[PDB]
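Protein chains in written order, with PDB author numbering: chain A, 877 to 925; chain B, 488 to 633; chain C, 25 to 70; chain D, 751 to 1100; chain E, 391 to 438; chain F, 42 to 142; chain G, 683 to 730; chain H, 1072 to 1100, 1117 to 1120; chain I, 1 to 67; chain J, 1 to 335. In this text, a Cβ means the ideal position worked out from N, Cα and C, and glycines have one as well. The structure appears below as structure tokens.
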Amino acid sequence: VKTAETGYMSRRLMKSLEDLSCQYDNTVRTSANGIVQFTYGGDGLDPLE
Amino acid sequence: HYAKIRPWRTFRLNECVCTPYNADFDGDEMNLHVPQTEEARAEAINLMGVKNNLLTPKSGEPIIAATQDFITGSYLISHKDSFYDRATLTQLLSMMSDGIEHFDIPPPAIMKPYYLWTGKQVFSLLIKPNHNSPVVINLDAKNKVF
Amino acid sequence: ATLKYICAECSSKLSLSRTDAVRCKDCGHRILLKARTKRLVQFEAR
Amino acid sequence: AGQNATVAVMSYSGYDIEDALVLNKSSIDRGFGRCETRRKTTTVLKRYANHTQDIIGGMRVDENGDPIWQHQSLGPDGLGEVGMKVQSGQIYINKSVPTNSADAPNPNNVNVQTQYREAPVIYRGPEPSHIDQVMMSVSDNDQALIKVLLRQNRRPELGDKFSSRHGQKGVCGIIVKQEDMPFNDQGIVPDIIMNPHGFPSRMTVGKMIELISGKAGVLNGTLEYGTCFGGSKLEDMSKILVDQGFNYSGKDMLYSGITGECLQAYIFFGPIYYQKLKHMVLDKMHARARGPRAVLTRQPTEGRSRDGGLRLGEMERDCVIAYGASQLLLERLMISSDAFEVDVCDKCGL
Amino acid sequence: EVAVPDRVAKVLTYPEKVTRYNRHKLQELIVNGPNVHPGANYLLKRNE
Amino acid sequence: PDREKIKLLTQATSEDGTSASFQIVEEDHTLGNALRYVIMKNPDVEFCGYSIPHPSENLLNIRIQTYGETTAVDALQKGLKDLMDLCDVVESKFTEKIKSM
Amino acid sequence: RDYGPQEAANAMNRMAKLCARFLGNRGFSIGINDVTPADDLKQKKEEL
Amino acid sequence: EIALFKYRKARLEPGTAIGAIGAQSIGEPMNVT
Amino acid sequence: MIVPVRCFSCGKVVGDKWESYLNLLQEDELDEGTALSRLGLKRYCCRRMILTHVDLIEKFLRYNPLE
Amino acid sequence: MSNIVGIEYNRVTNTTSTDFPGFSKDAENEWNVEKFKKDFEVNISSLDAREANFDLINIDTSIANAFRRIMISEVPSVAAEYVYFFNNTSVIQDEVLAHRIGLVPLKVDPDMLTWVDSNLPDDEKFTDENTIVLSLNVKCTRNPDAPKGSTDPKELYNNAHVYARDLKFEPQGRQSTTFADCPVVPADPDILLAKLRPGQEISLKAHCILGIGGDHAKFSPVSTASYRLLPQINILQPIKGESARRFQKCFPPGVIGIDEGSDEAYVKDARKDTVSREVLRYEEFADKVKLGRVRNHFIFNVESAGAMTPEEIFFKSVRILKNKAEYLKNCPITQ
Ligand SMILES: [Zn+2]
Ligand SMILES: [Zn+2]
Ligand SMILES: [Zn+2]
């Protein structure tokens, strides 16, 4: 029963967060070129590597 | 993936990559997409390919590795109890790479009442097969049931 | 025999005229199969 | 429903892993797990208000006494015939509709009611097949009816779901030959060979008893029972084996077919009943180059049957965004699906 | 890699623009024809 | 003699005997698991082992990496010529006992 | 993390082509006696 | 060398879409809830 | 359907002995395990198919054309 | 290690051949011959026509296992392959039934044929000595003699059970006089190819070619060819008394046996035993008995499909592997 809810969870969790890009200032910004954050997580370091 | 053509009919991936897909085998189905335009290819294998995406996005944690048979089989070679011999070892250190490679056999673990090579070696050479393979590691860890 | 096809229950050799009837000449029973073709056919056992 | 397969439990190959079985050539070829399949194609013949009957006439046969290969497989009647191999694009029943069928019947005719549009049903499939039996009959309302049924016997090809009837659900891996895989002393070769890992994580020991009960059965020559809260008490099974030479528990030695030296650990095998399932692969494999498109959206149609094409869902589509690929989308949701040139007008855009 | 069955390799094709490096493959790769695997099926001339 | 049975792999050889990798088309474990048993006991030979690249393809890769002194190919030549003599003996002693029975 | 992927995946390739071909040629299996309790854990099983 | 090299390499590489990876990251899979 | 003509593992021909089996059981009433043994199958995978394998072909011949 | 494999309760031990110069400090036991010839031996147990069981001593596992593999495949044989139906009405599939003839063995000696060639189709494929054609046709009619109703479905009918016996032989040019002394007969004559009831008839002639084992099991000349590795039971202490009597019931009957209560249980013989390792589960026997099998000594038994005498089978199986090795020698290494 619940996994059918989880899918909707991810899908909608995207739509607000869907386009958020890291520009070349290391300032992650919106579609409309607003600014949600200045550095990345106070860090600037990609969590992956 | 770089595609390779074989007979019968079914999509054969390498077991190590089952975990990202959480691929169970059993009866599950896949989808095979070729790209078309010349620049979508170089977009795929180079960026979206396996090797560079070997890790996971969220945890920066390896998501592709040995699972099931590969662990235990490796374990049974790693089992401190085990030993081997230059014929048996030689053939293992071969089988590990179907051919193709120049192996430099390190000194055997024990000498006298015959000769033997401990599993930690036949598995060690897996990492540094040649003397020219530019892989030098070092590390400590804890497996479970420590 | 060599002629065309068969009843179901009658199991009788029946040749039919072009657009004649779907009945079997002997029995009133209707459905009819088509008897085996005399022509050769090839399998490979393996 | 099933085959009763003499089956080791071992890791072999390296084509095994999760639930994936590994079968045996020279066994599968000896009549293990062979399938047939039967399909029916009904073609109803119906008269039209013009008083014109849809006719099965056929067999063109150009160039000196032989039908065109596209035709062939019929015989003089124009209907298909029994027992003859039919192959891909041929015609197993020739059918033609009248051309004027829907016109307004008038009390005016002399010569031609006879113009026919031949629209025979074509066989299409990845394999050959055979026409075993055809049926000409009449429906309840007195309109002609023709029904043929086609058959093919599928060899249990790589990629075919098997079960253990016990909850193990798996697909065969490499089909090894004969020589390979263990044998031991009798000379017998385990037929199915099965991955051990499945038992502990699925935690099902019922089967792993069923194997014992099996080997004990075939020795005494008796079907040996088992049942929910009951069945043959395991501890006597031992006694039946141990005097007849097989280990008091199901395990026994084996010799790896490859090397030919004793397997360094014991192995556990006996008869188990492996039933073979639907989801034969030769049905389910699917591919498309560029196929038909639905009139409305002009993007590929759905599923098997009709023709190819597959789904990229918004659940999936997002994936490539994370990787950051623009060009893969523009190839994907643009070039490869519906590529289209619209002529617009800069001024007052439409 | 993904091993792919040749029987979906016959019908699932990739476009190629033959230029200067590809000929002695491709001018050969046609002569195989679509039935045998290492070959081509559709062809499109520069004359559009 | 048809020139496709053995093909010396250009990629795994080094120089001056020592290493080499021969792929033997149209074969299986039936040969290798024997041939290596003769090879390994040749006094010089060090590393001799075989594998099948993939079963749906038919090839036998075999690897010979020896000391200095004699040569990669010379090893397999010799040892193979030895595996001859075994079977010659098995026939000799065998068909002799079966005749006397 | 050290040498970049092309070497990593190379290792794992060798892993696979080793553990696979070796594990059968040595062998491993389960059996009933392996799940069979022997004396002992019956005695502790009842009392505990 | 090693340390600060692994540092300078481990950084946002500009142009990556951190939003998408962000969502697909949280995606799977007395009394209080 | 019909008893197979070899087992699925050994390759000893079982096609023959099915007749001699059943005959040997009905006439000369004798227990299964002892029966098959002196019928000459020691290996058990050779043996199952005699023991196993209901014979359908009879139950399929009720439906023949002629009746 | 003294060519005696370890047997334990939870495992085996000491498997690998380990005869080769170069695993020791002092490298001996290096190849040559004579060191081999004057060592190696062979024995035999029994030879029947369609089966032989004999013994092969003091060679390693490998080349023996080669003989097993190559034997169960590479010694060629001849079995019906292509099948031509002249109609058929049988309730059995017009599909399957063909498969059946494909499998049934045949008593004919190979070397009387030559390999079919792939190319040159049709009339140039199957030629004279290249193929043994087999003919079968049977029709079933209601037996005019009908002793009683619903009795045994044999008396009721004619030939309702078709047997492999039914397959006849059709010779051709040069084909008659060459097999005149050795007419082909379908192996074990009595097999059920089909059951059918009157009004039903089967007419087929099937071409029979010379095939090779690994391609389909129906070409295996051998039903079962394998080798049991000789067990060695060896005891410590007299272990005499009453429980020594229990000791023999622990094994399969012949095995060891009691000489006298004081004379305990001597080992009567090995090779009757299945290596069933019960003495280990009984505990108290533990310290005083260990089990072993010797890698040198191969009990080796070979069935036959009836194709030819198994002495011939095992024999040719060698000269294959030999001939193969030499054919590899004389092919020069391309670069
Ligand atoms: Zn009738
Ligand atoms: Zn405008
Ligand atoms: Zn059997």
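Identify each residue in the segment 58 to 83 of chain J for which the Cβ-Cβ distance to at least one residue of chain C is less than 7 Å, and report them in chain order.
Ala80, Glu81, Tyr82, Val83
Consult DSSP for J:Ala66 and reduce its assignment to one of helix, strand or coil. helix
Quiz prompt | Sequence-distant residues of the same chain with beta carbon closer than 8 Å to I:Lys42, five excluded per side | solution = none
For residue 92 of chain I, the nearest candidate out of D:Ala1037, D:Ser1076, D:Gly1020 (CA to CA)
Residue 92 of chain I lies beyond the residue range present for chain I, which begins at 1 and ends at 67; the question has no answer from this structure.
- What are the boundary residues of the beta strand (DSSP E) that J:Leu229 is part of? 225 to 235
Contact set for D:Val832: own chain, Cβ-Cβ below 8 Å, skip 5 residues either direction: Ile881, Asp882, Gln883, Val884
Compare the C-alpha of G:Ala690 against each of B:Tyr602, B:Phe610, B:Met583, B:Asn539 and name the closest.
B:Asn539
Could you name the residues of the segment 562 to 574 of chain B whose beta carbon sits closer than 9 Å to any beta carbon of chain J, in the order they occur along the chain?
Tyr571, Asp572, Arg573, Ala574
For B:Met598, which residues in chain J fall below 9 Å Cβ to Cβ? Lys25
Restricting to Cα atoms, I'd like to know which of B:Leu500, B:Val609, B:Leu613 is closest to B:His566. B:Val609
Original post:
With 8 Å set as the bound, which would you pick, yes or no: does the beta-carbon of residue 71 of chain C sit closer than that to a beta-carbon of chain I?
Top reply: Chain C is shown only over 25 to 70; residue 71 of chain C falls outside these bounds and no answer can be derived.
*Would you say B:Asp511 faces chain D, with C-beta separation under 8 Å as the test?*
yes
### Message
Taking CB distances under 8 Å as the criterion, tell me whether B:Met535 reaches chain D.
### Response
yes
message = With the cut-off set at 8 Å, would you say E:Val392 and D:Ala1037 are in Cβ contact?
response = no
Q) Helix, strand or coil: which one does DSSP assign to residue 360 of chain J? A) For residue 360 of chain J there is no data in the structure shown, the boundaries of chain J being 1 and 335.
message = Does the beta-carbon of D:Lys845, which I'm using as the reference point, lie nearer than 7 Å to any heavy atom of ligand 2?
response = no
*Tell me, please, whether the segment 127 to 140 of chain F touches the segment 305 to 319 of chain J by the rule of three or more beta-carbon pairs shorter than 8 Å.*
yes
Who are the neighbours of D:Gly937 on chain J, taking C-beta pairs under 8 Å? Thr224, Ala225, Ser226, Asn301, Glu303
Report task. Could you have a look at J:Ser45 and say whether DSSP puts it in helix, strand or coil? Result -> strand
### Message
8 Å is my cut-off, CB to CB: does H:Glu1072 come that close to chain A?
### Response
no
query = Between J:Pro198 and chain I, is there a C-beta pair that is closer than 8 Å?
reply = yes
>> One question on the structure: do residue 810 of chain G and D:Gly995 come within less than 8 Å of each other, judged by their Cβ atoms?
In response: This structure does not reach residue 810 of chain G, given that chain G is present from 683 up to 730, and the question cannot be answered.
inquiry  = In the DSSP output, which residue or residues are listed as bridge partners for J:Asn53?
reply    = J:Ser46, J:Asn301
Cross-chain neighbours of J:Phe36 in chain F, by beta carbon under 9 Å: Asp126, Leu127, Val130
Return no unless some Cβ of chain F is closer than 8 Å to the Cβ of J:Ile313. no
Quiz item: Cα-Cα, which of D:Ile959, D:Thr787, D:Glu907, D:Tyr798 is closest to G:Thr718?
Solution: D:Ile959
Open item on the list: Give me the subset of the segment 418 to 433 of chain E whose CB atoms are less than 8 Å from a CB atom of chain B, sorted by chain position.
Closed with: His427
Quick one: what's B:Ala490 bridged to in DSSP?
E:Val392
Straight-line Cα distance separating J:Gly102 from J:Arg165 | 15 Å
Let me confirm a value: J:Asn65 is counted as buried when at least 16 other C-beta atoms fall within 10 Å, else exposed. Which label applies? buried
**Message:** Quick check on D:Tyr998: buried or exposed, where buried means 16 or more other Cβ atoms within 10 Å of its Cβ?
**Reply:** buried
Original post:
Any heavy atom of ligand 1 closer than 7 Å to the CB of residue 340 of chain J?
Top reply: Limits of chain J in this structure are 1 at one end and 335 at the other, which puts residue 340 of chain J out of reach.
Closer than 7 Å by C-beta to D:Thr954: which residues in its own chain qualify, once you throw out the five before and the five after it? Chain order, please. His916, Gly917
> Based on the DSSP output, what are the partners of D:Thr793 in its beta bridges?
Replying inline: D:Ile896
Check: Nearest CA to the CA of D:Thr792: which residue from D:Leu773, D:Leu895, D:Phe782, D:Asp890?
Finding: D:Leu895
Do D:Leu1079 and D:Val1092 come within 8 Å of each other at the CB atom, strictly closer than that value?
no
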